[PDB]
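Next up: just one chain, as C-alpha cells, the form deposited in one PDB entry.
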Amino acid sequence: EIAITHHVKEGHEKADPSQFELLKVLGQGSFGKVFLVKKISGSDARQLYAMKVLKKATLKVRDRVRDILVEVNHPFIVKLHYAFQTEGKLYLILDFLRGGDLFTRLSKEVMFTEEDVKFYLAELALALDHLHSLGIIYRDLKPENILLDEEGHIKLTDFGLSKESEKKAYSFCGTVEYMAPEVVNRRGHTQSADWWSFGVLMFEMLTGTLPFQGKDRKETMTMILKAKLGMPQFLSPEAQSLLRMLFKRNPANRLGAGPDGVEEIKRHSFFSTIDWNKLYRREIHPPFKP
C-alpha cells in the first residue's frame, strides 16, 4: 500500500473535505483519476489544486527542520499542500500538474547520455536545494519522487512516497539503495545525506544500474558502508569526479556538505555548460519531450 510522507510547514493550517469545492474530474494517464478542486478559505483561498483520493494508503506527518514568509511556487517542485484521512480514504491536495508523467516511465524508454543527465540533474539540484532551504530532508530520495511536467521539465515531489506492507510498522521505511551510510547507520544525519542520494540518482541515470546493490537489504547496507565502488570507465573524467565527490562516506567530506551547499555542485566541471539563471527561468529545453 502507498505510504505518503507529508513534511508540514511551520504555520500549516489543517484541512478537511469541506474546505474544497469540486470543479472537475479528470483522467490523467499515469496519475489516474484526479479531481480539480478550489480552496474555499484560508491564506490560499480560491487557489486551484489537484486532489487524489487513495483508498488504501497510510499517512505519515513530519516536521520540517527550523522571517514570516508565505511560500511561492518553484519551477521544479510540486507540493503536497494538505493530506487528511476520512472513512478509510486518504485525500491528497497537490499542485495541479497538467499532463504530468513519471520520470521512471521516461528512464525505462531512453538511454541517457551525459549531456541528457546534465539537464535533469541540474533542475533536480535546484529543486532539492530549495527543499533543503524549506527544512526538508529527503533521506531516501529516489526516482519515484521525480515527475515530469507537460513540457518535459523536472518536478520533484516535496512529499515522501513509498510502499509498505504480523509485521511491525516503522516510522521510516526507506529504499536502502538510495540511502547514505550515515542514514543507514541511524547515527544522525543532515541534508548532506541527500547529496549522496543525488549521486545515486546520477549513477543510475548514466548506467541504468545502481552503484550499491546486494541480494538483500542486509547485504546492500554492508556495501553502502564498506563496498569499493567500481566506477564505470566509459564515464567522462568530469562525471567520474562528481560521483567520487558525492560518494564520500564521511558526510563532512562530501560535495554539497560545505557552507555553500549546492553551490559546490553547481561549480563542478560536470555542470560547466549550465546557465543556472536560464535554467531556473525554464528557458532551456529538455532532451526528451513527452
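Note that residue numbering follows the sequence shown and begins at 1. Heads up, when I say rigid core I mean the largest set of C-alphas that superpose within 1.5 Å between the two forms.
In at least a third of the other compared PDB entries of this protein that cover both flanking sides, residue 165 is left without coordinates. In all of the other compared structures of this protein with flanking residues present, residue 264 is modelled, so it falls below the one-third mark for missing coordinates. The modelled chain is continuous from residue 228 to residue 229, since every residue of the deposited sequence in that stretch has coordinates.
Missing deposited residues between residue 165 and residue 166: 1 to 3, all without coordinates in the entry. The stretch with the higher mean CA B factor, choosing between 255-263 and 231-239, is 231-239. Look at the mean CA B-factor for 210-218 and for 104-112 in the entry; the higher one is 210-218. Of all the options 45, 246, 223, 36, the entry's greatest CA B-factor is assigned to 223. By the numbers in the PDB entry, the CA B factor is greatest at 174 among 135, 174, 160, 199. Sorting the modelled residues of the chain by their CA temperature factor places residue 24 in the middle third.
Residue 139: CA B factor in the middle third of modelled residues in this chain (values from the PDB entry).
Remark: residue 180 belongs to the middle third of its chain, ranked by C-alpha B-factor as recorded. In this PDB entry, residue 272 carries a Cα temperature factor that places it within the lowest third of its chain's modelled residues. Looking at the C-alpha B-factors along this chain, the one for residue 50 belongs to the lowest third.
The same protein has a further form, the form deposited in another entry, not shown here; the description that follows concerns it.
With the rigid core aligned between this form and the one not shown, only one of 82, 196, 120, 76 has a CA shift of 2 Å or more: 82.
In the core-superposed comparison between this form and the one not shown, residue 278 has its Cα shifted by less than 2 Å. In a rigid-core overlay of the protein, residue 28 has its C-alpha displaced by at least 2 Å between this form and the one not shown. After superposing the rigid core, the Cα of residue 211 is displaced by less than 2 Å between this form and the one not shown. In the other entry, the CA atoms of residue 191 and residue 160 draw together by 3 angstroms or more relative to this form.
CA of residue 6 to CA of residue 255: farther apart by 3 Å or more in the other entry than in the shown form.
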